[PDB]
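Containing compact mmCIF, C-alpha atoms: structure.txt.
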# COMPACT_ATOMS: atom_id res chain seq x y z
CA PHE A 49 -23.19 -57.73 -77.75
CA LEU A 50 -26.75 -58.68 -76.75
CA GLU A 51 -25.73 -58.06 -73.10
CA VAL A 52 -24.44 -54.60 -74.13
CA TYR A 53 -27.90 -53.95 -75.55
CA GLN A 54 -29.50 -55.19 -72.35
CA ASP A 55 -26.90 -52.88 -70.77
CA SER A 56 -28.36 -49.90 -72.67
CA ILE A 57 -32.00 -50.86 -72.30
CA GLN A 58 -31.79 -51.36 -68.56
CA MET A 59 -30.06 -48.05 -67.96
CA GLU A 60 -32.67 -46.14 -69.92
CA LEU A 61 -35.55 -47.94 -68.27
CA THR A 62 -34.14 -47.14 -64.86
CA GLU A 63 -33.84 -43.38 -65.64
CA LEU A 64 -37.40 -43.35 -67.03
CA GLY A 65 -38.65 -45.30 -64.00
CA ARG A 66 -37.02 -42.80 -61.68
CA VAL A 67 -39.02 -40.02 -63.33
CA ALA A 68 -42.20 -42.06 -63.53
CA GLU A 69 -42.31 -42.93 -59.82
CA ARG A 70 -42.40 -39.29 -58.75
CA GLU A 71 -45.78 -38.34 -57.44
CA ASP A 72 -45.48 -34.60 -57.05
CA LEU A 73 -45.88 -33.91 -60.90
CA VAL A 74 -49.00 -33.21 -63.10
CA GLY A 75 -49.10 -35.49 -66.12
CA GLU A 76 -47.98 -32.89 -68.68
CA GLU A 77 -45.02 -32.14 -66.42
CA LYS A 78 -44.40 -35.87 -65.94
CA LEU A 79 -44.61 -36.33 -69.72
CA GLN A 80 -42.28 -33.34 -70.33
CA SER A 81 -39.82 -34.89 -67.91
CA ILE A 82 -40.02 -38.27 -69.67
CA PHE A 83 -39.60 -36.67 -73.11
CA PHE A 84 -36.50 -34.83 -71.98
CA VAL A 85 -34.93 -38.01 -70.47
CA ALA A 86 -35.62 -39.94 -73.65
CA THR A 87 -34.10 -37.20 -75.81
CA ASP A 88 -31.06 -36.58 -73.69
CA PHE A 89 -28.69 -37.92 -76.35
CA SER A 90 -25.57 -36.27 -74.98
CA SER A 91 -25.57 -38.24 -71.71
CA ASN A 92 -23.88 -41.60 -72.24
CA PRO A 93 -23.51 -40.67 -75.94
CA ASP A 94 -22.06 -44.08 -76.79
CA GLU A 95 -24.91 -45.87 -75.02
CA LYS A 96 -27.23 -43.62 -76.98
CA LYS A 97 -25.50 -44.34 -80.31
CA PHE A 98 -25.34 -48.12 -79.76
CA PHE A 99 -28.99 -48.18 -78.81
CA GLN A 100 -29.82 -46.14 -81.90
CA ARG A 101 -28.09 -48.58 -84.21
CA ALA A 102 -29.54 -51.67 -82.47
CA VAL A 103 -33.07 -50.30 -83.04
CA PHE A 104 -33.05 -48.45 -86.37
CA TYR A 105 -30.49 -50.62 -88.23
CA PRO A 106 -30.05 -54.03 -86.65
CA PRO A 107 -27.65 -56.53 -88.25
CA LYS A 108 -29.66 -59.06 -90.32
CA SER A 109 -27.47 -61.61 -88.50
CA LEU A 110 -28.62 -60.89 -84.94
CA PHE A 111 -31.88 -59.40 -86.29
CA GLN A 112 -34.39 -61.82 -84.72
CA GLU A 113 -32.47 -61.81 -81.40
CA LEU A 114 -32.78 -58.13 -80.53
CA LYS A 115 -36.18 -57.56 -82.18
CA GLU A 116 -37.81 -59.40 -79.29
CA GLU A 117 -36.04 -57.36 -76.61
CA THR A 118 -36.49 -54.14 -78.55
CA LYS A 119 -40.16 -55.05 -78.35
CA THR A 120 -39.64 -55.57 -74.60
CA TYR A 121 -38.17 -52.08 -74.10
CA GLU A 122 -41.07 -50.65 -76.12
CA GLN A 123 -43.73 -52.42 -74.05
CA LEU A 124 -42.18 -51.06 -70.88
CA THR A 125 -41.91 -47.46 -72.18
CA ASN A 126 -45.46 -47.70 -73.41
CA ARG A 127 -46.77 -48.62 -69.93
CA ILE A 128 -45.19 -45.46 -68.48
CA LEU A 129 -46.70 -43.25 -71.21
CA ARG A 130 -50.14 -44.91 -71.09
CA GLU A 131 -50.46 -44.81 -67.30
CA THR A 132 -49.76 -41.06 -67.39
CA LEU A 133 -51.77 -40.22 -70.52
CA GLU A 134 -54.90 -42.22 -69.63
CA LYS A 135 -55.48 -39.98 -66.64
CA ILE A 136 -55.55 -36.80 -68.72
CA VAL A 137 -56.76 -37.57 -72.29
CA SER A 138 -59.10 -39.97 -74.13
CA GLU A 139 -57.95 -43.26 -75.68
CA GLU A 140 -58.02 -41.85 -79.28
CA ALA A 141 -55.93 -38.83 -78.14
CA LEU A 142 -53.57 -41.11 -76.13
CA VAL A 143 -52.80 -43.34 -79.17
CA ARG A 144 -52.12 -40.30 -81.39
CA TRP A 145 -49.91 -38.71 -78.71
CA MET A 146 -47.88 -41.90 -78.31
CA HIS A 147 -47.37 -42.26 -82.06
CA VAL A 148 -46.12 -38.70 -82.28
CA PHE A 149 -43.92 -39.04 -79.13
CA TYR A 150 -42.01 -41.91 -80.77
CA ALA A 151 -41.72 -40.27 -84.19
CA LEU A 152 -40.32 -37.06 -82.56
CA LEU A 153 -37.97 -39.10 -80.37
CA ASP A 154 -36.67 -41.07 -83.38
CA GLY A 155 -36.36 -37.98 -85.58
CA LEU A 156 -34.55 -36.03 -82.89
CA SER A 157 -32.26 -39.00 -82.36
CA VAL A 158 -31.09 -38.90 -85.91
CA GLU A 159 -31.01 -35.08 -86.04
CA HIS A 160 -28.74 -35.07 -82.99
CA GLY A 161 -26.03 -36.50 -85.22
CA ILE A 162 -26.14 -33.83 -87.93
CA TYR A 163 -26.94 -30.61 -86.06
CA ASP A 164 -24.85 -28.76 -83.54
CA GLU A 165 -25.90 -28.64 -79.94
CA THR A 166 -27.65 -25.25 -80.09
CA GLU A 167 -29.74 -26.10 -83.15
CA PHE A 168 -30.54 -29.54 -81.71
CA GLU A 169 -31.85 -28.01 -78.50
CA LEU A 170 -34.13 -25.59 -80.39
CA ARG A 171 -35.57 -28.53 -82.33
CA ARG A 172 -36.00 -30.52 -79.12
CA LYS A 173 -37.94 -27.63 -77.55
CA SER A 174 -40.22 -27.23 -80.62
CA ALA A 175 -41.02 -30.93 -80.42
CA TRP A 176 -41.93 -30.81 -76.72
CA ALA A 177 -43.99 -27.61 -77.28
CA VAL A 178 -46.08 -29.39 -79.95
CA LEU A 179 -46.53 -32.47 -77.67
CA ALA A 180 -47.63 -30.13 -74.88
CA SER A 181 -50.11 -28.35 -77.20
CA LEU A 182 -51.99 -31.67 -77.51
CA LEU A 183 -52.53 -31.86 -73.72
CA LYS A 184 -54.09 -28.36 -73.64
CA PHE B 49 -21.77 -41.72 -105.48
CA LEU B 50 -22.24 -37.94 -105.43
CA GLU B 51 -23.93 -38.44 -108.82
CA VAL B 52 -26.31 -40.96 -107.22
CA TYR B 53 -27.06 -38.51 -104.40
CA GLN B 54 -27.76 -35.59 -106.71
CA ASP B 55 -29.88 -38.17 -108.54
CA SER B 56 -32.02 -38.68 -105.43
CA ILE B 57 -32.11 -35.05 -104.39
CA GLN B 58 -33.20 -34.00 -107.85
CA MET B 59 -36.04 -36.45 -108.05
CA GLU B 60 -37.40 -35.46 -104.64
CA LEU B 61 -37.21 -31.74 -105.38
CA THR B 62 -39.02 -32.37 -108.66
CA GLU B 63 -41.88 -34.26 -106.94
CA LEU B 64 -42.11 -31.55 -104.21
CA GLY B 65 -42.01 -28.80 -106.86
CA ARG B 66 -44.88 -30.42 -108.72
CA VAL B 67 -47.08 -30.25 -105.62
CA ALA B 68 -45.88 -26.77 -104.74
CA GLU B 69 -46.74 -25.24 -108.13
CA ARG B 70 -50.41 -26.21 -107.81
CA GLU B 71 -52.59 -23.24 -107.19
CA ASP B 72 -55.94 -24.78 -106.46
CA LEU B 73 -55.14 -25.90 -102.80
CA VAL B 74 -55.35 -24.08 -99.39
CA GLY B 75 -52.07 -24.05 -97.44
CA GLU B 76 -53.03 -26.95 -95.18
CA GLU B 77 -53.90 -29.11 -98.15
CA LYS B 78 -50.72 -27.97 -99.77
CA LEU B 79 -48.72 -28.81 -96.67
CA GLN B 80 -50.51 -32.15 -96.23
CA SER B 81 -49.70 -32.93 -99.81
CA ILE B 82 -46.03 -31.99 -99.27
CA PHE B 83 -45.83 -34.05 -96.06
CA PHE B 84 -47.21 -37.10 -97.85
CA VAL B 85 -44.67 -36.80 -100.76
CA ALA B 86 -41.84 -36.42 -98.30
CA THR B 87 -42.94 -39.47 -96.32
CA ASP B 88 -43.74 -41.69 -99.28
CA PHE B 89 -40.91 -44.07 -98.44
CA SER B 90 -42.39 -46.93 -100.38
CA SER B 91 -42.43 -45.52 -103.91
CA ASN B 92 -38.66 -45.51 -104.76
CA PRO B 93 -37.45 -47.57 -101.78
CA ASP B 94 -33.80 -47.74 -102.75
CA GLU B 95 -33.60 -44.07 -103.67
CA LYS B 96 -35.17 -43.38 -100.27
CA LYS B 97 -32.78 -45.70 -98.43
CA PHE B 98 -29.72 -44.18 -100.14
CA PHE B 99 -30.92 -40.68 -99.35
CA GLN B 100 -31.42 -41.63 -95.70
CA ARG B 101 -27.88 -43.05 -95.35
CA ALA B 102 -26.42 -39.98 -97.07
CA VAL B 103 -28.20 -37.49 -94.78
CA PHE B 104 -28.33 -39.34 -91.44
CA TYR B 105 -25.07 -41.34 -91.41
CA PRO B 106 -22.72 -40.01 -94.10
CA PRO B 107 -19.31 -41.68 -94.64
CA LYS B 108 -16.71 -39.57 -92.79
CA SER B 109 -14.63 -39.74 -95.98
CA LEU B 110 -17.12 -37.93 -98.21
CA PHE B 111 -18.50 -36.06 -95.14
CA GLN B 112 -17.71 -32.43 -96.11
CA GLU B 113 -18.77 -33.15 -99.73
CA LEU B 114 -22.26 -34.51 -99.01
CA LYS B 115 -22.86 -31.89 -96.26
CA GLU B 116 -22.94 -28.97 -98.69
CA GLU B 117 -25.26 -30.85 -101.08
CA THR B 118 -27.54 -31.85 -98.19
CA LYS B 119 -27.69 -28.22 -97.09
CA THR B 120 -28.65 -27.31 -100.64
CA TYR B 121 -31.60 -29.71 -100.60
CA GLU B 122 -32.73 -28.39 -97.21
CA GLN B 123 -32.72 -24.75 -98.29
CA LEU B 124 -34.84 -25.66 -101.26
CA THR B 125 -37.44 -27.65 -99.27
CA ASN B 126 -37.42 -24.87 -96.65
CA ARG B 127 -38.41 -22.30 -99.32
CA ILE B 128 -41.47 -24.41 -100.24
CA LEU B 129 -42.56 -24.77 -96.60
CA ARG B 130 -41.92 -21.07 -95.91
CA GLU B 131 -43.78 -19.89 -99.03
CA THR B 132 -46.82 -21.78 -97.81
CA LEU B 133 -46.66 -21.28 -94.04
CA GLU B 134 -46.03 -17.51 -94.09
CA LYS B 135 -49.42 -16.98 -95.63
CA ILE B 136 -51.31 -18.74 -92.85
CA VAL B 137 -49.36 -18.49 -89.57
CA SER B 138 -46.98 -16.10 -87.71
CA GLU B 139 -43.20 -16.31 -87.94
CA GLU B 140 -42.87 -17.88 -84.45
CA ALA B 141 -45.49 -20.54 -85.36
CA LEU B 142 -43.86 -21.06 -88.81
CA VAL B 143 -40.46 -21.84 -87.22
CA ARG B 144 -41.95 -24.30 -84.73
CA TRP B 145 -43.99 -26.04 -87.46
CA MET B 146 -40.93 -26.46 -89.66
CA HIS B 147 -38.85 -27.90 -86.82
CA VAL B 148 -41.58 -30.42 -86.07
CA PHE B 149 -42.13 -31.22 -89.81
CA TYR B 150 -38.50 -32.30 -90.16
CA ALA B 151 -38.40 -34.21 -86.85
CA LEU B 152 -41.57 -36.18 -87.86
CA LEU B 153 -40.19 -36.79 -91.39
CA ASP B 154 -36.89 -38.06 -89.98
CA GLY B 155 -38.52 -40.23 -87.29
CA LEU B 156 -40.99 -41.73 -89.75
CA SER B 157 -38.12 -42.37 -92.10
CA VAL B 158 -36.40 -44.43 -89.47
CA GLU B 159 -39.62 -46.11 -88.35
CA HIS B 160 -40.44 -47.16 -91.90
CA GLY B 161 -37.54 -49.60 -91.57
CA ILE B 162 -38.77 -51.39 -88.43
CA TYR B 163 -42.59 -51.38 -88.68
CA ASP B 164 -44.80 -53.11 -91.19
CA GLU B 165 -46.72 -51.14 -93.75
CA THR B 166 -49.97 -51.02 -91.81
CA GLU B 167 -48.35 -49.80 -88.60
CA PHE B 168 -46.19 -47.32 -90.53
CA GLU B 169 -49.24 -45.80 -92.18
CA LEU B 170 -51.04 -45.30 -88.87
CA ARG B 171 -48.03 -43.43 -87.48
CA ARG B 172 -47.74 -41.36 -90.66
CA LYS B 173 -51.43 -40.34 -90.25
CA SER B 174 -50.95 -39.42 -86.51
CA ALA B 175 -47.96 -37.25 -87.50
CA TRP B 176 -49.91 -35.39 -90.16
CA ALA B 177 -52.91 -34.99 -87.81
CA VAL B 178 -50.70 -33.26 -85.21
CA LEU B 179 -49.10 -31.01 -87.90
CA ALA B 180 -52.62 -30.09 -89.05
CA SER B 181 -53.72 -29.33 -85.48
CA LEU B 182 -51.14 -26.50 -85.44
CA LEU B 183 -52.74 -24.86 -88.47
CA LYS B 184 -56.23 -24.89 -86.81
How does the structure come out when it is put into structure tokens?
Amino acid sequence: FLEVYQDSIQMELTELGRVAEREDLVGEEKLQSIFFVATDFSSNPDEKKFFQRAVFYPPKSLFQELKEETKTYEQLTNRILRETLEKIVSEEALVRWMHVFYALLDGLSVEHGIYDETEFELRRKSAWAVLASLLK
Amino acid sequence: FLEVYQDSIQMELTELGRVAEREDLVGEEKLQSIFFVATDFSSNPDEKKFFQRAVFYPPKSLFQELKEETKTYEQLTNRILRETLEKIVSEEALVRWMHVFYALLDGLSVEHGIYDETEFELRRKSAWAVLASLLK
């Protein structure tokens, strides 16, 4: 199981990394690209579901095991966001943006399960528009 | 079960209705007030956990049952948001704000489970600050 989680984490990190290493993007574009990778819930839907359960509702049994490597995935996603954000906004704006990024990601993740694809995509676009509004 | 759900829905709608009937607040304050009721995940923790399971991950057995009831609760909370928003922003801004409101509510709901109280509250305040930024 815990290797199936490391299976999910590593795949996500490598898609995010692929976006993050591109140098021909402004930050807001780089951030848009990252947000859309993180919210693409229909690609590897099982990976995405597993990951969702491992994070939001871990088994109390394995609870301490995957909390540490959930924390690891977080620290790595945070570096990518912070290195992009710190170039275009202040620290106080950066922290607020990151908090909202994760809340929208988590909310969309759940919503993906109860809305059809068309409604989901509209929601996903509202969320990115509001994130973009914070970057000017 | 469906009695326990209508239990939870009813209590939430009653608490939201209380805030909504007040006439001494501007829309923003009214919406802030509504956002804080909706995100107060601490006050009836079990009610709030039940409600989450019912909405986000319903049992496939009772799935068509709970779906109609969940839709009912949504249309009622939508009326409160719409009553308030339509007075201060355009229809296209109103729709975007509502999409984001529910995505932040849902993500914070999730997050309440994995973060401690202090960290949760910071994220709840970032979420409301970004919602407020859309209202000027």
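Since chain B and chain A share the same sequence, their Cα atoms can be paired directly; the RMSD after superposition is 0.1 Å.
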* To do: Would you be able to write out as number ranges by chain which residues have an atom within 12 Å of (-54.2, -23.6, -98.4) in the file's coordinates, counting all atoms listed in the file?
  => B: 68, 70-82, 129, 131-137, 180, 183-184
* Could you please tell me, as a ChimeraX atom specification, which residues of chain B have an atom within 6 Å of chain A when using only C-alpha atoms? => /B:144,147-148,151-152,154-156,171,174-175
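Pairwise distance (atom CA of residue 123 of chain B, atom CA of residue 88 of chain B) equals 20.2 Å.
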